[PDB]
Amino acid sequence: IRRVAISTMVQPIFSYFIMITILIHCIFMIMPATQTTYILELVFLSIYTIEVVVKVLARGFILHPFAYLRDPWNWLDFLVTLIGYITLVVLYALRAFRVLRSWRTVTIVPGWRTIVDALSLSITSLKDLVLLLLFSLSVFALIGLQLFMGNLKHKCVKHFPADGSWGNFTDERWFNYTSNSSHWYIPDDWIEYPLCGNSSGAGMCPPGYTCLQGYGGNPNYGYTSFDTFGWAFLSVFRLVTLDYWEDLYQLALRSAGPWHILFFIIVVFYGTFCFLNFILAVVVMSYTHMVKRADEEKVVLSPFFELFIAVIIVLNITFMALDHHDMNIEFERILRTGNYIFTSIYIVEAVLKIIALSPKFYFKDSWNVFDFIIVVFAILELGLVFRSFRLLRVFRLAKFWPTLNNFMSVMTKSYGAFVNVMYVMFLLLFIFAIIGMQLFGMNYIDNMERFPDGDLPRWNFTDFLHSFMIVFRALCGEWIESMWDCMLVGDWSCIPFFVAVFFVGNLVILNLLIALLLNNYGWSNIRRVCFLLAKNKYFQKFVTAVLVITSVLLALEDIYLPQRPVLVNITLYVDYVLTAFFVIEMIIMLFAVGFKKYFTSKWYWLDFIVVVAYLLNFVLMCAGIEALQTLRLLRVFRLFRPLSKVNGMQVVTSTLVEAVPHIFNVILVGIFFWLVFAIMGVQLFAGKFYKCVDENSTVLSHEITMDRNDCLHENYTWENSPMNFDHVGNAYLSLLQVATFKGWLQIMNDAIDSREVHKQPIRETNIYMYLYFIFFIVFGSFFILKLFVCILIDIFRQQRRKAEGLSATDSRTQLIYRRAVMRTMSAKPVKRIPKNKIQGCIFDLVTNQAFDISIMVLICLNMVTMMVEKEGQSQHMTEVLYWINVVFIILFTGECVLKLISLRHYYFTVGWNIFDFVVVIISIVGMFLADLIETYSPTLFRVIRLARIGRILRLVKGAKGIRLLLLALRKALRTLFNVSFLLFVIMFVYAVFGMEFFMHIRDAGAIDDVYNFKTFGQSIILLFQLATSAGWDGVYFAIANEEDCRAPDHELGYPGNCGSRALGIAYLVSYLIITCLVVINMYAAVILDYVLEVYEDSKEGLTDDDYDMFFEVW
Ligand SMILES: CC(C)CCC[C@@H](C)[C@H]1CC[C@H]2[C@@H]3CC=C4C[C@@H](OC(=O)CCC(=O)O)CC[C@]4(C)[C@H]3CC[C@]12C
Ligand SMILES: C[C@@H](c1cc(Cl)cc(Cl)c1)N1CCC(COc2cc(F)c(C(=O)NS(C)(=O)=O)cc2C2CC2)CC1
Ligand SMILES: *[C@@H]1O[C@H](CO)[C@@H](O)[C@H](O)[C@H]1NC(C)=O
């Protein structure tokens, strides 16, 4: 028995048989259930029970150190088997988790131990992060609850008619009229009522309407609001994750006023740019530790011929990229003839290499066999669809391109780790897809009526393909909208599902992929006086002040400027003065540094360009020609030199300057890969996004209009989608939209509906085209776009070493020891004298630990009391809460008074005591003045009452892990501020230029009455939104329009309302590259460096707390 049990278990055939059974079961889970699937379920269950029985007989159940149930994997198998028995012998929800067994398959891929251990270690080390996350989210939720309670219910209600149609006015007749939903303003074809508010800059009502509150529901089926603490918590989490956050941003600002942008700036800065980077750092350290442990464990054959082939390949790629939709016959002929020629040259090349070089030698080389495969593919394609394989030719460019060659070599060196990570990602997605299918599949069918038109949404859980796609979209970072649909047809269970999917997929697996990439990819008198003046500090300060003031003046040139003649005169005179000032400054600098030194530096070249532009404007004005706004806007570029000289700014600017070349290389490689995908997409979807629409832009059924001819016969419109794959340029723009996950849903919808050219698209007739996007996203977004952050992380590490004076040749341990040695020097103790008998007794009582624990409990209770407030609460509830808070204030004041008596003048030696003292004073004063302030603006009352939250911030005091993380943040504050300062300056430059370019465009897409480029503030609102790439497709659609817009009339002074496609493309693409992909990623770099240092101090060295403990006994 035992002999047989042990012997059978140890056989590899046993494990292989079980694993193959699991894989077959996985296949059967995908297809819809039938009777055959049922009998298969019994067979599979029997095999699993056999395995469990054998293992128990060999080891034993639990009672010995090496028993069956002493292994976590055995625990998983045991639980799944029991649940299968429960579901067969006797709720439908428990049977989904059978799929969990598939996790075992991760052991097939060699090297899985490293990745699995890295995942487990990352999960274990996120303990200290989760508590700080929950605390910060709750604080932000309370702030938002105080700020926006009930704001999302604002609506424009028609005035009570004065004609008497509804009857003579009465209070209840007025309430009846206003409560009717048919009197709330909503544009035709809209789903949501627009928001409003009477604060300056908020949404306005049409004539005959008034902005009221407390009517109807909140946006998004009522799931988006700040009315209760729970909903506020959900909104704050969404905002921190940047999940469709521009919608909430726009709703809140339209309802409350533009100033509330401040709230969003804080949450985004602290939540997104700092905390998520803490998670990234923790994952990176986990992976690095695991890899360290694993590693420690342990004619033709002439250059000219090659050059000729290289140019032939380049020409061939150009020809392949010139294919487009509706080509003329001449273009077709040229492209086909070139293809024939290129194929002939390749064939001749192959034969020549086989003759000059030995066939054995030829086929010994890898590049040669690749070329031969291309040759046979070309012959097969021309003989007889195999045109897709033509793309292989492009990869031949890697041989002659050193950068691409090196990139591919690095990819090949450590492929096993990438295979493991991708397999884990796909297995997790598969498990979640099966679970969600079982949990929510029938809800969509049964409760279809609840959807807006009673129609099934594109994204759902009906079948395996849709479930996989929806969970994959969640992993990409979009989860809240799917969760809204799930709740709409389902229940609360949707919330834990999606959140889990977002947490594991995006914050761990994707960050682990980043860690992998990081680990792998990484007269004499005149001269004298001019020189003395130039080197003088006062002169430089005066120049900087002039530049700053004039740049600030540039911001006042908004749409209303013509209505302010005084401002017009001030601007013109300042222009003249600036022209003179620039000329004089240039002469002085030339006299000081000389011609060679002046004309060999980049900063002086920028100054010179500004001078030349202003002189050109001067002559134009003299001649009677209107000044060029673009030229006179060039002076803002003078702002970067003083900015670069700001304290602590050197590290940031030096890092960016050093990273520039690597960024260029990454962009080139990305352009190549995106070209491959763009050619493929043009071949797949060129000319297939046309559809038939009527007077209202609504797509007709394929039944009424089968194709274009019917569409035109009924006098319908055959229209193209704005984003398409008609030619390579359009494909590039569409792929940029796909990679950033902004506007991608429309593109994918058009793709999966596509049919043959000149045929009405049908819903989901080509579903498998989803695959094309998946691949692109994996190789274009998860791999290529993440190289920028790796580059910045490495370069900032080097530059910060430079700034502190550290040596590049020193090792990690030496720096740990050097830091310890530096710390040991500075340390001084102190003692407090016990009090006199009564004062001394109080001293002992307060100095006890139980006192502080009690205070912490009181802080938690006060926080809960704050969490109870909700919109529409009763007045009695309001009074009760006020009195509870008063009692808490009295207790805290007593604690402070007792500490003051106990510690006398020593009380103020500790900073936390000063914070607590200030909080106590604020609390007393507010408790006294609450009614006076409220009775004698509601917005002002809410904002000032925010100070009440100060006395729950004392909860962080006393913790350990939170203290360590906060120490890292405090150590990095200067650099984070400098990065933000640079970001704001870039935003300012873009704001003035965007105001010049797009201030008169017509309302379309994301541009409307409230959000536009008409003023500096509105431009900044939009640009802050776009710094995260949020909603850049809608802005592009607004600013790039050139259709159905009237041209400017100089004679009549009409400015025009037309957009510009080229200008909009340049503007938005450059902004996305500069901010989203570079400057923002500096945050990650900074955070990672500092966090790592602190952790290495705590683990492999000494920390300040260690010295404090040593001096505690001293
Ligand atoms: C140095 C870094 C770390 C911080 C940069 C400071 C910003 C927070 C400041 C700079 C410019 C400010 C903006 C300047 C102009 C406006 C317009 C203002 O709204 C109005 O124009 C009110 C009048 C109306 O809406 O009718 C709202 C504040 C806002 C967006 C300001 C919000 C705060 C901003 C972004
Ligand atoms: C400068 C002075 C000042 C300002 C001005 Cl403009 C005029 C004067 Cl004369 C004085 N500030 C200082 C800050 C104060 C902050 O405000 C609160 C503080 C609170 F702790 C509570 C509270 O705890 N509430 S509770 C019991 O929990 O319900 C509530 C409030 C708000 C006021 C209701 C307000 C007074
Ligand atoms: C709202 O007003 C319309 C028109 O007067 C009326 O038909 C409708 O019944 C009203 N709504 C309710 C809920 O009575």
# chains A, B, ... in the order shown; residues from 1 in each chain; ligands from 1

call {"tool": "residues_around", "arguments": {"residues": "residue 483 in chain A", "least_positions_apart": "4", "cutoff": "8 Å", "atoms": "only C-alpha atoms", "output": "ChimeraX atom specification"}}
result
/A:479,487,494-495,498

call {"tool": "closest_atom_pairs", "arguments": {"of": "chain A", "to": "ligand 2", "cutoff": "7 Å", "atoms": "only C-alpha atoms and all ligand atoms", "output": "tab-separated table"}}
result
residue	atom	partner	partner_atom_place_in_ligand_line	distance
A:881	CA	ligand 2	28 (O)	6.9
A:882	CA	ligand 2	28 (O)	4.4
A:883	CA	ligand 2	26 (C)	6.8
A:885	CA	ligand 2	27 (O)	4.7
A:886	CA	ligand 2	26 (C)	5.0
A:922	CA	ligand 2	13 (C)	5.0
A:923	CA	ligand 2	20 (F)	3.4
A:924	CA	ligand 2	20 (F)	6.5
A:925	CA	ligand 2	35 (C)	5.6
A:926	CA	ligand 2	17 (C)	3.6
A:927	CA	ligand 2	26 (C)	4.8
A:929	CA	ligand 2	32 (C)	5.5
A:930	CA	ligand 2	33 (C)	3.5
A:931	CA	ligand 2	33 (C)	6.9
A:933	CA	ligand 2	32 (C)	6.2
A:941	CA	ligand 2	33 (C)	6.6
A:944	CA	ligand 2	16 (O)	5.4
A:945	CA	ligand 2	31 (C)	3.8
A:947	CA	ligand 2	15 (C)	5.0
A:948	CA	ligand 2	20 (F)	4.0

call {"tool": "residues_near_ligand", "arguments": {"ligand": "ligand 3", "cutoff": "10 Å", "atoms": "only C-alpha atoms and all ligand atoms", "output": "list in words"}}
result
residues 165, 166, 176, 177, 178, 179, 180, 181, 182 and 183 of chain A

call {"tool": "closest_residue", "arguments": {"among": "A:155, A:260, A:466, A:759", "to": "ligand 1", "atoms": "only C-alpha atoms and all ligand atoms"}}
result
A:260

call {"tool": "residues_around", "arguments": {"residues": "range 320-322 of chain A", "least_positions_apart": "4", "cutoff": "7 Å", "atoms": "only C-alpha atoms", "output": "PyMOL selection string"}}
result
chain A and resi 316+679+728

call {"tool": "residues_near_ligand", "arguments": {"ligand": "ligand 1", "cutoff": "7 Å", "atoms": "only C-alpha atoms and all ligand atoms", "output": "ChimeraX atom specification"}}
result
/A:200-202,257-259,261-262,977,980-981,984,1016-1018,1020-1021

call {"tool": "write_last_selection", "arguments": {"atoms": "N, CA, C and O atoms", "output": "PDB file, in the first residue's frame"}}
result
ATOM      1  N   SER A 200     -19.251  81.515 -10.289  1.00  0.00           N
ATOM      2  CA  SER A 200     -18.593  82.060 -11.471  1.00  0.00           C
ATOM      3  C   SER A 200     -17.759  81.004 -12.183  1.00  0.00           C
ATOM      4  O   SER A 200     -16.924  80.335 -11.569  1.00  0.00           O
ATOM      5  N   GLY A 201     -17.950  80.891 -13.495  1.00  0.00           N
ATOM      6  CA  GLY A 201     -17.259  79.898 -14.287  1.00  0.00           C
ATOM      7  C   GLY A 201     -17.911  78.533 -14.320  1.00  0.00           C
ATOM      8  O   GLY A 201     -17.384  77.631 -14.981  1.00  0.00           O
ATOM      9  N   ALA A 202     -19.025  78.347 -13.629  1.00  0.00           N
ATOM     10  CA  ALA A 202     -19.719  77.073 -13.629  1.00  0.00           C
ATOM     11  C   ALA A 202     -20.697  77.009 -14.802  1.00  0.00           C
ATOM     12  O   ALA A 202     -20.916  77.988 -15.514  1.00  0.00           O
ATOM     13  N   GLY A 257     -17.391  74.863  -9.911  1.00  0.00           N
ATOM     14  CA  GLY A 257     -16.587  75.995 -10.298  1.00  0.00           C
ATOM     15  C   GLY A 257     -15.171  75.564 -10.616  1.00  0.00           C
ATOM     16  O   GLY A 257     -14.694  74.538 -10.128  1.00  0.00           O
ATOM     17  N   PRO A 258     -14.469  76.338 -11.449  1.00  0.00           N
ATOM     18  CA  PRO A 258     -13.107  75.938 -11.847  1.00  0.00           C
ATOM     19  C   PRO A 258     -12.115  75.856 -10.694  1.00  0.00           C
ATOM     20  O   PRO A 258     -11.157  75.077 -10.777  1.00  0.00           O
ATOM     21  N   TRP A 259     -12.287  76.654  -9.638  1.00  0.00           N
ATOM     22  CA  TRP A 259     -11.312  76.651  -8.550  1.00  0.00           C
ATOM     23  C   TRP A 259     -11.167  75.267  -7.927  1.00  0.00           C
ATOM     24  O   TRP A 259     -10.079  74.898  -7.463  1.00  0.00           O
ATOM     25  N   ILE A 261     -10.585  72.699  -9.178  1.00  0.00           N
ATOM     26  CA  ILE A 261      -9.465  71.976  -9.774  1.00  0.00           C
ATOM     27  C   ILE A 261      -8.408  71.676  -8.721  1.00  0.00           C
ATOM     28  O   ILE A 261      -7.741  70.634  -8.773  1.00  0.00           O
ATOM     29  N   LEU A 262      -8.251  72.564  -7.736  1.00  0.00           N
ATOM     30  CA  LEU A 262      -7.239  72.350  -6.706  1.00  0.00           C
ATOM     31  C   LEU A 262      -7.370  70.957  -6.094  1.00  0.00           C
ATOM     32  O   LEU A 262      -6.381  70.227  -5.961  1.00  0.00           O
ATOM     33  N   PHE A 977       8.787  68.577  -6.080  1.00  0.00           N
ATOM     34  CA  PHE A 977       8.363  69.947  -6.343  1.00  0.00           C
ATOM     35  C   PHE A 977       9.039  70.514  -7.582  1.00  0.00           C
ATOM     36  O   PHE A 977       8.404  71.219  -8.369  1.00  0.00           O
ATOM     37  N   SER A 980       7.470  69.096 -10.676  1.00  0.00           N
ATOM     38  CA  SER A 980       6.171  69.738 -10.876  1.00  0.00           C
ATOM     39  C   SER A 980       6.323  71.158 -11.413  1.00  0.00           C
ATOM     40  O   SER A 980       5.522  71.605 -12.238  1.00  0.00           O
ATOM     41  N   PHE A 981       7.327  71.891 -10.933  1.00  0.00           N
ATOM     42  CA  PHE A 981       7.558  73.253 -11.404  1.00  0.00           C
ATOM     43  C   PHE A 981       7.881  73.256 -12.892  1.00  0.00           C
ATOM     44  O   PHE A 981       7.320  74.042 -13.673  1.00  0.00           O
ATOM     45  N   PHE A 984       4.706  72.620 -14.790  1.00  0.00           N
ATOM     46  CA  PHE A 984       3.834  73.785 -14.887  1.00  0.00           C
ATOM     47  C   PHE A 984       4.344  74.770 -15.925  1.00  0.00           C
ATOM     48  O   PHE A 984       3.552  75.394 -16.637  1.00  0.00           O
ATOM     49  N   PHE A1016      -6.837  81.754 -20.295  1.00  0.00           N
ATOM     50  CA  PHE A1016      -5.690  81.037 -19.744  1.00  0.00           C
ATOM     51  C   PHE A1016      -6.140  79.967 -18.759  1.00  0.00           C
ATOM     52  O   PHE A1016      -5.635  78.841 -18.781  1.00  0.00           O
ATOM     53  N   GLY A1017      -7.110  80.292 -17.904  1.00  0.00           N
ATOM     54  CA  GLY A1017      -7.558  79.322 -16.916  1.00  0.00           C
ATOM     55  C   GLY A1017      -8.188  78.097 -17.550  1.00  0.00           C
ATOM     56  O   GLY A1017      -7.891  76.962 -17.172  1.00  0.00           O
ATOM     57  N   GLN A1018      -9.060  78.308 -18.534  1.00  0.00           N
ATOM     58  CA  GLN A1018      -9.687  77.174 -19.204  1.00  0.00           C
ATOM     59  C   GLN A1018      -8.649  76.341 -19.949  1.00  0.00           C
ATOM     60  O   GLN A1018      -8.704  75.102 -19.947  1.00  0.00           O
ATOM     61  N   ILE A1020      -5.562  75.956 -19.045  1.00  0.00           N
ATOM     62  CA  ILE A1020      -4.832  75.192 -18.037  1.00  0.00           C
ATOM     63  C   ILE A1020      -5.672  74.023 -17.547  1.00  0.00           C
ATOM     64  O   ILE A1020      -5.152  72.939 -17.280  1.00  0.00           O
ATOM     65  N   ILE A1021      -6.978  74.227 -17.403  1.00  0.00           N
ATOM     66  CA  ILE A1021      -7.849  73.125 -17.008  1.00  0.00           C
ATOM     67  C   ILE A1021      -7.719  71.983 -18.014  1.00  0.00           C
ATOM     68  O   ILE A1021      -7.461  70.823 -17.651  1.00  0.00           O
TER      69      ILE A1021
END

call {"tool": "closest_residue", "arguments": {"among": "A:393, A:205, A:426, A:278", "to": "residue 103 in chain A", "atoms": "only C-alpha atoms"}}
result
A:426

call {"tool": "select_by_dssp", "arguments": {"residues": "range 26-169 of chain A", "states": "alpha helix (DSSP H)", "output": "VMD selection string"}}
result
chain A and resid 26 to 30 35 to 59 72 to 89 112 to 125 127 to 148

call {"tool": "closest_residue", "arguments": {"among": "A:1005, A:1031, A:1056, A:144", "to": "residue 946 in chain A", "atoms": "only C-alpha atoms"}}
result
A:144

call {"tool": "residues_around", "arguments": {"residues": "residue 996 in chain A", "least_positions_apart": "3", "cutoff": "8 Å", "atoms": "only C-alpha atoms", "output": "list in words"}}
result
residues 629, 630, 992, 993 and 999 of chain A

call {"tool": "write_last_selection", "arguments": {"atoms": "N, CA, C and O atoms", "output": "short mmCIF file (atom, residue, chain, number, x, y, z; two decimals), in the first residue's frame"}}
result
data_model
loop_
_atom_site.label_atom_id
_atom_site.label_comp_id
_atom_site.auth_asym_id
_atom_site.auth_seq_id
_atom_site.Cartn_x
_atom_site.Cartn_y
_atom_site.Cartn_z
N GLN A 629 1.77 86.83 -34.41
CA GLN A 629 1.59 86.40 -33.02
C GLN A 629 2.55 85.27 -32.66
O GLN A 629 3.08 85.23 -31.54
N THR A 630 2.79 84.35 -33.59
CA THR A 630 3.69 83.24 -33.32
C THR A 630 5.09 83.74 -32.98
O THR A 630 5.75 83.19 -32.08
N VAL A 992 -0.30 79.31 -23.67
CA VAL A 992 -0.31 80.52 -24.49
C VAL A 992 -0.37 80.16 -25.98
O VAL A 992 -1.12 80.78 -26.75
N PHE A 993 0.40 79.15 -26.40
CA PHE A 993 0.36 78.80 -27.82
C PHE A 993 -1.01 78.25 -28.22
O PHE A 993 -1.53 78.58 -29.30
N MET A 999 -8.46 79.33 -30.32
CA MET A 999 -9.41 80.04 -29.47
C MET A 999 -10.76 80.28 -30.13
O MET A 999 -11.71 80.64 -29.43
#

call {"tool": "residues_around", "arguments": {"residues": "residue 410 in chain A", "least_positions_apart": "6", "cutoff": "12 Å", "atoms": "only C-alpha atoms", "output": "PyMOL selection string"}}
result
chain A and resi 403-404+418+516-522

call {"tool": "atom_distance", "arguments": {"atom1": "CA of residue 768 in chain A", "atom2": "CA of residue 751 in chain A"}}
result
9.8 Å

call {"tool": "residues_around", "arguments": {"residues": "residue 346 in chain A", "least_positions_apart": "2", "cutoff": "9 Å", "atoms": "only C-alpha atoms", "output": "PyMOL selection string"}}
result
chain A and resi 309+341-344+348-351+371-372+374-375

call {"tool": "closest_residue", "arguments": {"among": "A:721, A:511, A:913, A:734", "to": "residue 782 in chain A", "atoms": "only C-alpha atoms"}}
result
A:511

call {"tool": "atom_distance", "arguments": {"atom1": "CA of residue 459 in chain A", "atom2": "CA of residue 770 in chain A"}}
result
12.4 Å

call {"tool": "select_by_dssp", "arguments": {"residues": "range 157-298 of chain A", "states": "strand (DSSP E or B)", "output": "MDAnalysis selection string"}}
result
chainID A and resid 157:158 184 209:212

call {"tool": "write_last_selection", "arguments": {"atoms": "N, CA, C and O atoms", "output": "PDB file, in the first residue's frame"}}
result
ATOM      1  N   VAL A 157     -33.977  73.598 -14.341  1.00  0.00           N
ATOM      2  CA  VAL A 157     -35.415  73.374 -14.278  1.00  0.00           C
ATOM      3  C   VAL A 157     -36.111  74.586 -14.874  1.00  0.00           C
ATOM      4  O   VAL A 157     -35.762  75.730 -14.558  1.00  0.00           O
ATOM      5  N   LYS A 158     -37.101  74.330 -15.722  1.00  0.00           N
ATOM      6  CA  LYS A 158     -37.888  75.400 -16.319  1.00  0.00           C
ATOM      7  C   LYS A 158     -38.597  76.207 -15.238  1.00  0.00           C
ATOM      8  O   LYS A 158     -38.996  75.678 -14.200  1.00  0.00           O
ATOM      9  N   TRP A 184     -36.980  69.398 -17.007  1.00  0.00           N
ATOM     10  CA  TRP A 184     -35.541  69.523 -16.814  1.00  0.00           C
ATOM     11  C   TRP A 184     -34.873  69.600 -18.179  1.00  0.00           C
ATOM     12  O   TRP A 184     -35.202  68.824 -19.080  1.00  0.00           O
ATOM     13  N   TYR A 209     -34.658  79.062 -17.576  1.00  0.00           N
ATOM     14  CA  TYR A 209     -34.335  77.952 -16.695  1.00  0.00           C
ATOM     15  C   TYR A 209     -33.543  78.466 -15.499  1.00  0.00           C
ATOM     16  O   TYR A 209     -32.856  79.487 -15.588  1.00  0.00           O
ATOM     17  N   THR A 210     -33.649  77.754 -14.378  1.00  0.00           N
ATOM     18  CA  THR A 210     -32.892  78.065 -13.171  1.00  0.00           C
ATOM     19  C   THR A 210     -32.203  76.801 -12.679  1.00  0.00           C
ATOM     20  O   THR A 210     -32.758  75.707 -12.780  1.00  0.00           O
ATOM     21  N   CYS A 211     -30.986  76.955 -12.162  1.00  0.00           N
ATOM     22  CA  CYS A 211     -30.208  75.822 -11.675  1.00  0.00           C
ATOM     23  C   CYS A 211     -30.642  75.463 -10.260  1.00  0.00           C
ATOM     24  O   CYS A 211     -30.444  76.246  -9.327  1.00  0.00           O
ATOM     25  N   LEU A 212     -31.211  74.272 -10.096  1.00  0.00           N
ATOM     26  CA  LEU A 212     -31.712  73.794  -8.818  1.00  0.00           C
ATOM     27  C   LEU A 212     -30.990  72.514  -8.427  1.00  0.00           C
ATOM     28  O   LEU A 212     -30.280  71.898  -9.227  1.00  0.00           O
TER      29      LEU A 212
END

call {"tool": "residues_around", "arguments": {"residues": "residue 653 in chain A", "least_positions_apart": "4", "cutoff": "12 Å", "atoms": "only C-alpha atoms", "output": "list in words"}}
result
residues 640, 641, 643, 644, 645, 646, 647, 648, 649, 657, 658, 659, 660, 792, 795, 796, 799, 800, 803, 975, 978, 979, 981, 982, 983, 1079 and 1082 of chain A

call {"tool": "closest_residue", "arguments": {"among": "A:428, A:727, A:489, A:219", "to": "residue 675 in chain A", "atoms": "only C-alpha atoms"}}
result
A:727
